[PDB]
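Colleague: need a 3D model of the sequence below.
(one chain, ligands or ions: 2)
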Amino acid sequence: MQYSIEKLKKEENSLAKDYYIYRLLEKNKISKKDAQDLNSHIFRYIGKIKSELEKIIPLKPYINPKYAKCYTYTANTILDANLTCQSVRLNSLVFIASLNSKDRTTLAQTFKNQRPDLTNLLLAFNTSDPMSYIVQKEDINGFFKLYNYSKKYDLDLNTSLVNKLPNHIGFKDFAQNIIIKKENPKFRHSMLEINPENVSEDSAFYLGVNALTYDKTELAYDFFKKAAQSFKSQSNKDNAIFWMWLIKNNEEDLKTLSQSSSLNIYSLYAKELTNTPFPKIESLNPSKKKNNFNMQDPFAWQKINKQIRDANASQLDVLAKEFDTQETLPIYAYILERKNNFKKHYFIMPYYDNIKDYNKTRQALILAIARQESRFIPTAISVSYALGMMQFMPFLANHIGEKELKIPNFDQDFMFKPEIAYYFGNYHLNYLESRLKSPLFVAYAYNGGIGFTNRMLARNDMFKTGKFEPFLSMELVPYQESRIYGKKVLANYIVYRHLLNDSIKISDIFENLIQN
Ligand SMILES: CC(=O)N[C@@H]1[C@@H](O)[C@H](O[C@@H]2O[C@H](CO)[C@@H](O)[C@H](O)[C@H]2NC(C)=O)[C@@H](CO)O[C@H]1O
Ligand SMILES: CC(=O)N[C@@H]1[C@@H](O)[C@H](O[C@@H]2O[C@H](CO)[C@@H](O)[C@H](O)[C@H]2NC(C)=O)[C@@H](CO)O[C@H]1O
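Modeller: Numbers count the residues shown, from 1 in each chain. Ligands and ions are numbered 1, 2, ... in the order given. See below for the structure:
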């Protein structure tokens, strides 16, 4: 089924509508005339759809008509500009890098009084190490502006300066990136002296991981403990408490983790170490067969998804009742997940007929993937237009559909069919599992690709033997989306294996992550 640009302009803005516009663009079916008013028809004007629309109607990067005159000057003529213009252009470190030293000296004097931030950056670029100058001034705004201009600057930072960095918005991304990418060793070492009192949440957690990479177990514990107290989400507290336990072995930390309301690999593992029973899994078995809702209409999903996410408790009860059927099971569970404020464990097995002939281990891996990929929503579409329950990228759906399986009249929209999503999932998982073995490694490869995963596993510091392995390697997976994905799919895998009467101890999975 196709949609002309004119039928799509009549639908609500949504990722479904973006997907179908992008499909017209990649087939060259959007004329220059069709492309005129088309910005106002796009839900998320980012990535492929934007670079594709800009091949037709290039945009000039809007500069505020207020400062338009300020962008007629260059480094050769900036001294002929009024003071407002001078200060605007000096927002760019590249512009500053481009000026000659004499003009940097001049502008530094102009701005010493009302803008010492600018004076500091101008005089810093008159030296061969701008970072060393900014660090000596303990200018925090300047530090992050330089870091963002170039990652290559690296210097030791003293205790007074590191303890100021966390008060700035940039700190979280800065800490996450240098620790996970293993860049800026002098920055990394310096961050050992951050007082756990001056950090919280993700920044506290990554500083714990940092402290472990230097075998500073006392500092790591203090950071993870501050992470555990401050984190909003129970899943992240559990991750932090797991590290407090693994470092200092207080049996109270392990008890608190085994009693967690969050079902995740850390609480599952703690329950197994304390002989605590498996957590309660909800049984969803609606008597009603189907309803008037089309589970194959991607537009219908985007509309009802928006409704559900914006529903008061009362509206959730009306929706719970409409969607309490076997054909709309995945939407029922989505509504109940919200209606019970994410307190109950829902692990549905919808369109089960399509997978009952696979062995129970494979069933559990497929179900684990689909639950995290889509929550079993057949017309699920990602911001990168991954499609259906198993979230295939088009290139991959088409490679399997046309080139490998030669399905007649194949279209990538077939990924919206449960029969197809499950079938393609099985096929793709066979390819990944034959090369990778561990379901955690398959999870990384499924989300981030097998190239990425082979490159990570080849490193001699990832998933090798060590004190805190394999748990530390799972915190050092370089692509964040893939690091979170693996943990979540692993937990899902453990649960589905349990529901299918094919239980495995998560301790066996952790042992098989270490390469012997
Ligand atoms: C915190 C969390 O796990 N959030 C879930 C989302 O991640 C999930 O979206 C899916 O995430 C995958 C990576 O984990 C992507 O590969 C996948 O394309 C993406 N799917 C969609 C539809 O964007 C959503 C799915 O409903 O649920 C969140 O709870
Ligand atoms: C289910 C799905 O569509 N997964 C996508 C990944 O497959 C994809 O990774 C790439 O997959 C190719 C097909 O097997 C590999 O040949 C390729 O090497 C791999 N890329 C890398 C960097 O390893 C990723 C990103 O392209 O997106 C997923 O959604």
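
Colleague: which residues touch the residue lying closest to residue 466 once chain neighbours are set aside?
Modeller: Spatial nearest neighbour of residue 466, chain neighbours left out: residue 472 (6.7 Å); criterion: C-beta to C-beta, 6 or more residues apart in numbering. Every C-beta, even on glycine, is put in place using the N, C-alpha and C of the backbone. By C-beta atoms under 8 Å, 6 or more residues apart in numbering, the contact list for residue 472 reads 209, 212, 466.

Colleague: which phi and psi does the residue of the stretch 301-450 of the chain found nearest ligand 1 have?
Modeller: The stretch 301-450 of the chain approaches ligand 1 most closely through residue 382 (3.4 Å), counting by C-beta to the nearest ligand atom. When read as degrees, to the nearest 10, the backbone of residue 382 gives phi -80, psi 170.

Colleague: quick one: the strands in the chain?
Modeller: With DSSP state E as the definition, the chain shows no strands.

Colleague: what residues does it put near ligand 1?
Modeller: Taking C-beta under 6 Å from any ligand atom as the criterion, the chain approaches ligand 1 at residues 372-375, 380, 382, 386, 391, 447, 481, 485, 488.

Colleague: measure the residue of the stretch 301-450 of the chain closest to ligand 1 to residue 367 for me?
Modeller: Residue 382 sits 19 Å away from residue 367, going by C-beta to C-beta, to the nearest Å.

Colleague: more neighbours: which of those two?
Modeller: residue 367 (26 against 13; other C-beta atoms under 10 Å).

Colleague: report the separation between the closest residue to the more buried one other than its chain neighbours and ligand 1.
Modeller: Nearest residue to residue 367 in three dimensions, chain neighbours excluded: residue 496, at 4.5 Å (C-beta to C-beta, 6+ apart). Look at residue 496 and ligand 1: by C-beta to the nearest ligand atom, to the nearest Å, they are 16 Å apart.

Colleague: surely residue 496 touches residue 370?
Modeller: No. With contact defined as C-beta atoms under 8 Å, residue 496 does not reach residue 370; the gap is 9.9 Å.

Colleague: so who does the residue of the chain positioned farthest from its centre touch?
Modeller: Within the chain, residue 80 marks the point farthest from the mean C-alpha position, 46.5 Å out by C-alpha atoms, centre = their mean. Going by C-beta under 8 Å, 6+ apart, residue 80 touches residue 73.

Colleague: same thing with residue 84?
Modeller: Contacts of residue 84 (C-beta under 8 Å, 6+ apart): 67, 70.

Colleague: next, count neighbours for the residue of the stretch 401-516 of the chain found nearest ligand 1.
Modeller: As assessed by C-beta to the nearest ligand atom, ligand 1 sits closest to residue 485 within the stretch 401-516 of the chain, at 4.2 Å. Using other C-beta under 10 Å, residue 485 has 20 other residues around it.

Colleague: from residue 496, how far out is the closest residue in space to it that isn't next to it in sequence?
Modeller: Nearest residue to residue 485, sequence neighbours excluded (C-beta to C-beta, 6+ apart): residue 447, at 4.3 Å. With distances taken as C-beta to C-beta, residue 447 is found 18 Å from residue 496.

Colleague: what's the answer for residue 424, then?
Modeller: 19 Å.

Colleague: the more surrounded of residue 496 and residue 370?
Modeller: More crowded of residue 496 and residue 370, by other C-beta under 10 Å: residue 370, with 30 against 23.

Colleague: contacts only, for the residue lying closest to the more buried one once chain neighbours are set aside.
Modeller: Among residues not flanking residue 370 along the chain, residue 389 sits closest, at 4.6 Å (C-beta to C-beta, 6+ apart). Shown in contact with residue 389 (C-beta under 8 Å, 6+ apart): 370, 373-374, 376-378, 380, 418, 421-422, 425.

Colleague: what's near enough to touch residue 261?
Modeller: 234, 343 are the contacts of residue 261 under C-beta under 8 Å, 6+ apart.

Colleague: the helices in the stretch 301-450 of the chain, which residues?
Modeller: Assigned by DSSP state H, counting those that start in this stretch, the stretch 301-450 of the chain shows helices spanning 313-323, 329-339, 360-373, 394-398, 418-436, 439-448, 450-458.

Colleague: tell me the most buried of those helices?
Modeller: Mean neighbour counts were taken over these using mean count of other C-beta atoms under 10 Å, and the top value, a mean of 24, falls to helix 439-448.

Colleague: and it, what does it pack against?
Modeller: Applying 3 or more C-beta pairs under 8 Å, 6 or more residues apart in numbering; DSSP states H and E, one finds that helix 439-448 makes contact with helix 360-373, helix 418-436, helix 450-458, helix 480-499.

Colleague: before we move on, back to that, for the residues of the chain next to ligand 1, which one is nearest residue 332?
Modeller: residue 375 (10.9 Å; C-beta to C-beta).

Colleague: and the closest one, how many neighbours does it have?
Modeller: Residue 375 - counted by other C-beta under 10 Å - has 16 other residues nearby.

Colleague: could you tell me which residues of the protein lie near ligand 2?
Modeller: 386, 391-393, 396, 446, 449-452.

Colleague: of those residues, closest to residue 434?
Modeller: Nearest to residue 434 among the residues of the chain next to ligand 2, with distances taken as C-beta to C-beta, is residue 450, at 10.8 Å.

Colleague: list the residues that contact that closest one.
Modeller: 432, 435-436.

Colleague: 10 Å instead?
Modeller: 431-432, 435-436, 441-442, 444, 457 (C-beta atoms under 10 Å, 6 or more residues apart in numbering).

Colleague: same check on residue 494?
Modeller: Counted by C-beta under 10 Å, 6+ apart, residue 494 has contacts 263-265, 268-269, 272, 278, 364, 368, 439, 503-506, 509.

Colleague: tell me the buried residues within those residues.
Modeller: Using 16 or more other C-beta atoms under 10 Å as the burial test, those include 263-265, 268-269, 364, 368, 439, 506, 509 as buried.

Colleague: can you tell me which of those residues are in helices?
Modeller: Among the buried ones among the contacts of residue 494, DSSP state H puts 265, 268-269, 364, 368, 439, 506, 509 in helices.

Colleague: taking those residues, tell me the two that lie furthest apart.
Modeller: Maximum distance among these (C-beta to C-beta): 17.4 Å, for 269 and 364.

Colleague: residues in contact with the residue of the chain found nearest ligand 2?
Modeller: Nearest residue of the chain to ligand 2: residue 449, at 2.3 Å (C-beta to the nearest ligand atom). For residue 449, the contact set (C-beta under 10 Å, 6+ apart) comprises 393, 396, 432, 455, 479, 482.
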